[PDB]
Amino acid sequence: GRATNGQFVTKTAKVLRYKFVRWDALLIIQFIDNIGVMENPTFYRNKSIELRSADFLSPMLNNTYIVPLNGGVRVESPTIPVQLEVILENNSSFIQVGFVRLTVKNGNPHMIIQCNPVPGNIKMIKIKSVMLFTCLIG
């Protein structure tokens, strides 16, 4: 078909926009808030999906940050690796290969973001990558 619009919404009401295509057993979904642009002929600007502490569940264990979501779609996605910047409370930051999924618990979608140990508590995780999940249904 053609690409349908949609979004999820976080605890703090941040809106995660996306375009999808549901085919037979197949759901493909791209998050569209941070598509990066060449601003001019020589510079590439990454954009971020900024997720703060208050969008994650507490406690956090095993550098696993869970983002309970609302609305949107209910998928058990594969895992995709992405570019993360992780901001510590002291404003230190660390660029990492993070690993994201969509999963469902109690019929609610959640984003699973896993990354590496950091020397502090995290203030914010920025996702600098354009994310697309190809999911299988049923």
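All residue numbers refer to positions in the sequence shown, first residue = 1.
Enquirer: Regarding 78 to 86 and 60 to 68, which shows the higher C-alpha temperature factor on average in the entry?
Expert: 60 to 68 has the higher mean C-alpha B-factor.
Enquirer: Of the two stretches 123 to 131 and 20 to 28, which shows the higher Cα B-factor on average in the entry?
Expert: Mean C-alpha B-factor is greater for 20 to 28.
Enquirer: Can you tell me which third, lowest, middle or highest, the CA B-factor of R45 falls into for its chain?
Expert: Its C-alpha B-factor belongs to the middle third of this chain's values.
Enquirer: Hey, what third does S92 fall into on Cα B-factor, ranked over its chain?
Expert: Ranked within chain, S92 CA B lands in the highest tercile.
Enquirer: Looking at the C-alpha B-factor of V37, is it in the lowest, middle or highest third of its chain?
Expert: Middle third of the chain for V37's C-alpha B-factor.
Enquirer: Taking the chain's C-alpha temperature factors as the reference, tell me which third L51 falls into: lowest, middle or highest.
Expert: Its C-alpha B-factor belongs to the middle third of this chain's values.
Enquirer: Could you say whether, by C-alpha temperature factor, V104 belongs to the lowest, middle or highest third of its chain?
Expert: It belongs to the middle third of the chain when residues are ordered by C-alpha B-factor.
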